[PDB]
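Remarks on the structure that follows.
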Amino acid sequence: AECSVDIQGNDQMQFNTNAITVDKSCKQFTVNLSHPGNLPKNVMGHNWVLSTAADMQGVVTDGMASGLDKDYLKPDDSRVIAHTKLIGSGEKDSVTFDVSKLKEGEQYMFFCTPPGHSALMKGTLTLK
Ligand SMILES: [Cu+2]
């Protein structure tokens, strides 16, 4: 409903949006991630990861280094505000997070951390 969004990552390393708006009065927000296509998780897995704009580089750098078995996220990374798990084609995962984690006027970015994906699979998240 108003406090959720559906996003897709496909076999061509595309998310289907580059901008998410969250109603600032939502108590929680949910992202429902899915993966059209047929490529398996070990080839074309995707996740959905939220951080500040400033933290994204570091999250991506350490995430890509962390490997498939760690969903390409640094374990215990305090910069990651919220994340789904890593999913392959035909799979689905949802994450819910507390909108009080987020500041009106702050610049947030969502992105996919797997090797080769983050520059191609990113966007803004902003409160309205
Ligand atoms: Cu991806």
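Okay, here's what the table says:
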{"read-out": "Selection status of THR17, within 21 Å of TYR108 (Cα to Cα), among the hydroxyl-bearing types (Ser, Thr, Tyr), away from the ligand (no atom under 15 Å from the Cβ) and out of contact with any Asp or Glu (no Cβ under 6 Å at 6 or more places or on another chain)", "value": "no"}
{"read-out": "The stretch 87-126 - residue that is touching a residue at least 24 places away in the same chain (Cβ under 8 Å) and basic (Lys, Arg) and, of those, nearest to the ligand (Cβ to nearest atom)", "value": "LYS122"}
{"read-out": "Failed item in (1) away from the ligand (no atom under 12 Å from the Cβ); (2) under 22 Å from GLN107 (Cβ atoms), with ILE7 passing the rest", "value": "(1)"}
{"read-out": "Selection count where residues are buried (at least 17 other Cβ atoms within 10 Å of the Cβ), among the hydrophobic types (A, V, I, L, M, F, W, C) and over 13 Å from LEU50 (Cα atoms), scope the stretch 76-128", "value": "3"}
{"read-out": "Conditions (1) closer than 20 Å to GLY116 by Cα; (2) not β-branched (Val, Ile, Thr); (3) not in a strand (DSSP E or B); number of the one not met by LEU33", "value": "(3)"}
{"read-out": "Selection within the stretch 38-62 - in contact with a strand residue (DSSP E or B) (Cβ under 7 Å, 6 or more places away or on another chain) and within 15 Å of the ligand (Cβ to nearest atom)", "value": "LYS41, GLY45, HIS46, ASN47, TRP48, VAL49, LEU50, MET56, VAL59, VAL60"}
{"read-out": "Subset of the stretch 84-128 (residues that are assigned to a helix (DSSP H, G or I) and of a type outside the set (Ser, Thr, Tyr))", "value": "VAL99, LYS101"}
{"read-out": "Subset of the stretch 44-58 (residues that are assigned to a strand (DSSP E or B) and out of contact with any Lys or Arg (no Cβ under 8 Å at 6 or more places or on another chain))", "value": "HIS46, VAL49, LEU50"}
{"read-out": "Qualifying positions in the stretch 21-35 - out of contact with any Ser or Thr (no Cβ under 6 Å at 6 or more places or on another chain) and closer than 14 Å to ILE81 by Cβ", "value": "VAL22, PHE29, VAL31"}
{"read-out": "Single condition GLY37 does not satisfy, out of (1) in contact with a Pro (Cβ under 7 Å, 6 or more places away or on another chain); (2) on the phi > 0 side of the Ramachandran plot", "value": "(1)"}
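This table checks each residue for (1) closer than 15 Å to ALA119 by Cα; (2) among the small types (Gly, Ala, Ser); (3) touching a helix residue (DSSP H, G or I) at 6+ places or on another chain (Cβ under 7 Å); (4) assigned to a strand (DSSP E or B).
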site	(1), (2), (3), (4)
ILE20	no, no, no, yes
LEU39	no, no, no, no
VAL60	yes, no, no, no
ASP76	no, no, no, no
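Read-outs: derived from the displayed coordinates by stated rules, not from any lab. Cβ atoms come from the backbone with ideal geometry, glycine included; neighbour counts cover every protein chain shown.
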